[PDB]
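Under the numbering used here, the first residue of the first sequence carries the number 15, and numbering increases by one thereafter. The beta carbon of each residue, even a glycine, is placed where N, CA and C say it ideally should be. All remarks here apply to the structure that follows.
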Amino acid sequence: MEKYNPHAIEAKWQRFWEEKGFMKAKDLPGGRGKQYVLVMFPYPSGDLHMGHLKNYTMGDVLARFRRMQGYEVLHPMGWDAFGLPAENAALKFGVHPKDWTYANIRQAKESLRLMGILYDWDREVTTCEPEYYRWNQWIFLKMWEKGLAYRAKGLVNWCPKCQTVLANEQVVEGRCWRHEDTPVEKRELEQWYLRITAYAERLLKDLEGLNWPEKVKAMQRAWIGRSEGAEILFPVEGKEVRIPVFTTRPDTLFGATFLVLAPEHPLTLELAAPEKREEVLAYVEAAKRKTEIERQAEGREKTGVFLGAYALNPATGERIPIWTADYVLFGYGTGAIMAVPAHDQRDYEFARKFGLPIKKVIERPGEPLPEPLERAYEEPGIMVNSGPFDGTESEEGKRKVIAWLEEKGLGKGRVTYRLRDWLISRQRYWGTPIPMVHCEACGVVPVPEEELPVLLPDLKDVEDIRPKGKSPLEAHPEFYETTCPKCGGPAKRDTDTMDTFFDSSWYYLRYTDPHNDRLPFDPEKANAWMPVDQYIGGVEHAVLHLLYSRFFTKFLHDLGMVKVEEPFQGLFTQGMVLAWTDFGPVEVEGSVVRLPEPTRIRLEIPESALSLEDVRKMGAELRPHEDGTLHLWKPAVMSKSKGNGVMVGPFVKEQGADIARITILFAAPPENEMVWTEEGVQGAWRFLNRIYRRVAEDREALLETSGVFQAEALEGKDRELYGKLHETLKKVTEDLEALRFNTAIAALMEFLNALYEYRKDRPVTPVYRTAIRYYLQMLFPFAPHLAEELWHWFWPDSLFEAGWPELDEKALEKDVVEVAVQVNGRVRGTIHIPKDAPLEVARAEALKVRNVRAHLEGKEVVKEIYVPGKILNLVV
RNA sequence: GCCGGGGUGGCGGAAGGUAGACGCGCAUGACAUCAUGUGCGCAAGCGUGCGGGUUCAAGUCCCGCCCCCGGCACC
Ligand SMILES: CC(C)C[C@H](N)C(=O)O
Ligand SMILES: [Hg+2]
Ligand SMILES: [Zn+2]
Ligand SMILES: [Zn+2]
Numbered sequence: 015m016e017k018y019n020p021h022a023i024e025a026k027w028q029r030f031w032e033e034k035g036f037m038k039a040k041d042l043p044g045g046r047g048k049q050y051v052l053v054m055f056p057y058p059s060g061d062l063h064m065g066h067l068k069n070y071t072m073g074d075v076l077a078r079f080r081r082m083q084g085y086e087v088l089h090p091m092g093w094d095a096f097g098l099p100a101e102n103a104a105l106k107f108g109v110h111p112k113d114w115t116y117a118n119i120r121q122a123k124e125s126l127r128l129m130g131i132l133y134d135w136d137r138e139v140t141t142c143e144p145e146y147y148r149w150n151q152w153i154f155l156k157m158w159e160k161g162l163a164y165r166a167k168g169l170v171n172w173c174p175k176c177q178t179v180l181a182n183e184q185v186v187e188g189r190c191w192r193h194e195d196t197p198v199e200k201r202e203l204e205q206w207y208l209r210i211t212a213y214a215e216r217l218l219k220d221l222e223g224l225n226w227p228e229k230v231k232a233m234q235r236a237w238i239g240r241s242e243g244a245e246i247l248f249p250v251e252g253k254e255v256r257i258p259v260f261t262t263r264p265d266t267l268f269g270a271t272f273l274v275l276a277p278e279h280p281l282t283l284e285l286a287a288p289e290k291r292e293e294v295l296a297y298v299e300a301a302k303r304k305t306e307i308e309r310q311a312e313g314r315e316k317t318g319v320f321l322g323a324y325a326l327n328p329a330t331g332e333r334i335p336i337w338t339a340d341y342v343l344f345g346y347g348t349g350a351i352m353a354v355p356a357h358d359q360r361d362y363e364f365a366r367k368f369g370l371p372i373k374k375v376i377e378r379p380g381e382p383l384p385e386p387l388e389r390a391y392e393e394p395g396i397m398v399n400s401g402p403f404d405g406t407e408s409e410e411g412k413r414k415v416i417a418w419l420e421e422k423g424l425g426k427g428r429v430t431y432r433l434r435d436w437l438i439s440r441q442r443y444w445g446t447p448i449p450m451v452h453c454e455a456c457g458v459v460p461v462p463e464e465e466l467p468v469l470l471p472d473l474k475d476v477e478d479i480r481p482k483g484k485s486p487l488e489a490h491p492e493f494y495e496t497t498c499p500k501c502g503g504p505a506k507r508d509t510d511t512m513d514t515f516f517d518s519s520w521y522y523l524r525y526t527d528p529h530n531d532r533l534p535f536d537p538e539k540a541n542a543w544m545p546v547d548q549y550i551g552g553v554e555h556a557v558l559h560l561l562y563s564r565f566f567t568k569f570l571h572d573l574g575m576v577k578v579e580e581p582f583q584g585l586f587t588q589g590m591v592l593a594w595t596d597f598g599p600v601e602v603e604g605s606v607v608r609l610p611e612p613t614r615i616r617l618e619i620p621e622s623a624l625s626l627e628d629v630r631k632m633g634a635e636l637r638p639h640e641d642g643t644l645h646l647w648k649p650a651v652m653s654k655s656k657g658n659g660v661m662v663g664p665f666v667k668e669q670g671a672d673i674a675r676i677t678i679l680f681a682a683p684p685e686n687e688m689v690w691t692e693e694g695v696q697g698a699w700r701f702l703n704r705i706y707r708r709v710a711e712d713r714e715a716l717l718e719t720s721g722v723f724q725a726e727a728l729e730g731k732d733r734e735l736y737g738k739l740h741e742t743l744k745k746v747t748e749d750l751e752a753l754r755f756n757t758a759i760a761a762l763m764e765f766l767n768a769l770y771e772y773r774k775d776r777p778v779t780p781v782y783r784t785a786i787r788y789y790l791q792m793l794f795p796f797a798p799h800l801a802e803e804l805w806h807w808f809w810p811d812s813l814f815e816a817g818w819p820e821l822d823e824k825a826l827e828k829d830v831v832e833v834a835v836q837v838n839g840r841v842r843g844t845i846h847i848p849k850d851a852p853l854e855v856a857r858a859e860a861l862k863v864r865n866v867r868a869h870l871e872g873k874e875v876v877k878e879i880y881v882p883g884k885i886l887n888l889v890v
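Now the structure itself:
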């Protein structure tokens, strides 16, 4: 008997699936239904390795299942060549981006293919191309003319590693997104934004119906950040200006004893009294320079200045000082607060600190507040010390006092959003050139549609396009030295670019019609596939791409080009692939693991000594090693950086794809994190041969056998198996639909076992062949190649055409169950009787069990409880 | 602190009514591989975060805490 040879089959069939273009995406889905399966596309920057390959595989299993079910299936792939991710890397290995990007691609495709992944490569999309980014601009313009693209001054964030700015959603922990070490500083810059706050309520209210993981939803609810409230207006002393302040407790207005403008408020220095102007000017250059790391290092300690102005209280109608504490933020609300310190601890502690008087206005129910009050009273109650309101309920207070202002024109009700507009000007060569020129007569004038695309200049000095501080395009005037399209005057093109996240906010829509040279896509095409039914990807994009994209799909829908409104109907988040990683040498002594200082640094503890048990409980082993010493290993995250990634290309050659796939599929649930391992890769190697051999041992014994038989005339063991099969199908099929591929497969192996146990007493019968025909189609999604090899030993056509095996519900009907006997809960033993076999029978068959355990303690009995399914309990 | 999601064999995990499917590791029997056994306890008996409890039957239901992971935390 021959053996399973990956290298014999796996690459042969690949060549075939492409030639016979199965996953060729249809243009305009007709009858049988549609399914759009999508893996988030890769920034090309590194060679791929299992760690990456998890997600891509998912989508592919999924996609063969749909296509096996006869759905019309779009499973596309492309790249994310533009913006920081690539360039960053290119530069880090001094390579010109085009050469690097069109190279990292080639390698990527070759991995994906190797594994057995299939796409419709006639839809490939290289964002960095002009072919594409032309539209990224087309969008920008359509966005400008609808008021939603603009420039504006303000505090941008600065990444010195990247030598550019980033949007707020790229500042995680308080640090650059792709550099989880380099903190970001603030800088004053007129820059381009996209007005995303014009969609805040929609972005929030449309989440409700969206079937996403509660975790991405929950993050997007809080980040967008609704707050109902009211904009009150404080006149400044004598000055014709007035000061707006967001409050969620306008029922305190009388308790206002001062105001606090956020450090970089225009009105901070503009009102600064010329005595205190010196101290106030120092506190800004202090604030600005201090970063989001150090703000939390300081702790929640209050710190400020008195400006030397005043402000009238709308309500009481008297003066009060105005301060500039940094505990009010400027990128939210007004950048200014009415500060009641008697009902809000933050302000209390500012009042408790800088002697700023503290006024009570909301007296507590039954038991009253003390005087002096020694902390805040944030909970609500009855209004006091507030003139005509004296007696009112704090809850009703809000809407009344709001209403009271709405008359006198002193204020209004409003709903600010935490969402801050999406900055996209990047000071980098690599990235879409913003399609706007700067005029001298006519302001800042757009570019005509038909003039597009605004191509990047070509720049072949690698050590030129390195980003120095200002835009790398500035150094090249010829680019910007152009005319206007409004009159014809002197004209500097904008030297800035679009962030990579831009292109990654509709690529899903581009895939539907990826050669259209007139639009970003013919809508008839978009609507024919969208929404995406399955977006297979990860949490790290919860408030970035998965926010940006939607706003884009909304605004594209608000030009009426896409009918839907949420682009992904089905987000499925996935787990990181972990590997066992060598951490370094260790000095063992009896039962005391001493840690040298590079191996402790790498572990990230402070300790040097450890018990062997201390190693265990942090989930690590100590192994031998090449160098002679003992070495400590612990699962760590599979990255290039960690130097622990299982490489796809090499790995395929010295093992296989299907084994790759079974390994990354059958370990953990998909949404869990998993650990790729020798122990598991072998598991695969076993499971895949028990498939092979069992169909090899029966190759002759099948050919001369027909897979036709009268369903209800199978008796005995042919009757059992056929049941088990169909029970199995139901589980393989229900667990494909759920995306539960771990257990899905387990359930496939269980039958294989049972198929070995079938053949032990029972030769190749029709049932068994049909048991195989089925098994192999049930295998095609995961182990497609070994699944195709065995099929074609018998059948003339591909598994893709074979159709998803149809379920026979009446095989699931259980007859002669195994039913557990218990007496007072303790499961004494099990008996075998038909489902409906009534109470009177079970009694009989129990009374004389394996160890007559039912009698052992059943010498009384009072009530008795049968239940047809699987239980019979005797009481006492 | 708030939100989000988890505490079940030696491991990843499976699931009101036989807890521990399937695999890994371990252990013996075959000519690495297949077969066979494997919650724990020598046993009495015990076991799904910890305590009560409701139920003939609780991983599953109720009341009261605990703890780990992820994110947001002067908004
Ligand atoms: C969907 C995309 C924003 C994904 C991104 N290109 C990445 O590689 O993570
Ligand atoms: Hg390109
Ligand atoms: Zn950076
Ligand atoms: Zn002009």
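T211 has its Cβ no nearer than 8 Å to any heavy atom of ligand 3. From the listed residues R78, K34, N69, the smallest Cα separation to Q49 is found for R78. The C-beta distance from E199 to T305 rounds to 6 Å, short enough to fall under 8 Å. Proximity annotation: ligand 3 has residues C173, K175, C176, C190, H193 in chain order, each selected because its CB is closer than 5 Å to a heavy atom of the ligand. Counting only heavy atoms of ligand 2, the residues whose C-beta sits closer than 7 Å to one of them are, along the chain, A95, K112, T115, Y116, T140, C142, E143. Nearest to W543 by C-alpha distance, out of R867, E640, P90, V881, is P90. Contact between the stretch 464-472 and the stretch 416-430 is absent: fewer than three C-beta pairs spanning the two stretches fall below 8 Å.
The closest heavy atom of ligand 4 lies 8 Å or more from the beta carbon of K482.
Cβ contact annotation for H63 (same chain, cutoff 7 Å, sequence separation greater than five): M652, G659, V660, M661, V662, in chain order. With a threshold of 8 Å, the Cβ atom of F597 does not count as near ligand 1, since no heavy atom of the ligand is closer than that. Your pair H740 and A816 does not check out as a contact, with CB atoms roughly 17 Å apart and the cut at 8 Å.
Within the stretch 219-281, the complete alpha helix (DSSP H) segments of 4 residues or longer fall at 228-238, listed in chain order.
By a beta-carbon distance limit of 8 Å, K577 does not contact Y213. Their separation comes to about 17 Å. In this structure, the straight-line span from the alpha carbon of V429 to that of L558 is close to 23 Å.
The residue from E827, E859, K862 with its alpha-carbon nearest to that of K849 is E827. Restricting attention to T271, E685, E488, the CA atom closest to the CA of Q588 is found in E685. Taken in chain order, the complete beta strand (DSSP E) segments of 3 residues or longer contained in the stretch 428-506 are 450-452, 458-460, 495-497. The beta-bridge partner set that DSSP reports for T587 consists of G551. By the CB criterion at 9 Å, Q583 and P537 fall outside the cutoff. For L570, same chain residues with a beta-carbon under 7 Å away, outside a window of 5 residues either side, are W520, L523, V576 in chain order. Residue list for ligand 4: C453, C456, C498, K500, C501, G503 (CB closer than 5 Å to any heavy atom, chain order).
The C-beta separation of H357 from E385 comes to about 14 Å, leaving the pair out of contact by the 8 Å criterion. Per DSSP, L626 is one residue of the alpha helix (DSSP H) stretching across 626-630. Given a length threshold of 4 residues, each whole run of the alpha helix (DSSP H) inside the stretch 745-780 is given here in chain order: 755-773.
For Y50, no alpha helix (DSSP H) encloses it; the enclosing beta strand (DSSP E) starts and ends at 48-53. Note on the stretch 105-156: there is no whole beta strand (DSSP E) run with a minimum of 3 residues. In the DSSP annotation of this structure, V695 is not part of any beta strand (DSSP E); the continuous alpha helix (DSSP H) holding it starts and ends at 692-710.
Rounded to whole angstroms, the gap between the alpha carbons of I438 and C190 is 15 Å. If you draw a 10 Å sphere on the C-beta of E308, you find fewer than 16 other C-beta atoms in it, and that means exposed.
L592 is a Cβ neighbour of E687, given a cutoff of 9 Å. By the neighbour-count definition (other C-beta atoms within 10 Å, threshold 16), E24 is a buried residue.
Inclusion of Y57 in the 8 Å shell around ligand 1 follows from its C-beta lying nearer than that to a non-hydrogen atom of the ligand.
Given a length threshold of 4 residues, each whole run of the alpha helix (DSSP H) inside the stretch 280-343 is given here in chain order: 280-285, 291-303, 308-312.
Taking 9 Å as the cut-off, the beta carbon of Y70 is found no closer than this to the beta carbon of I119. Leaving aside the five residues that flank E601 on each side, the residues in its chain whose CB is nearer than 6 Å to its CB run, in chain order, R608. Collapsing the DSSP output to three states places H846 in coil.
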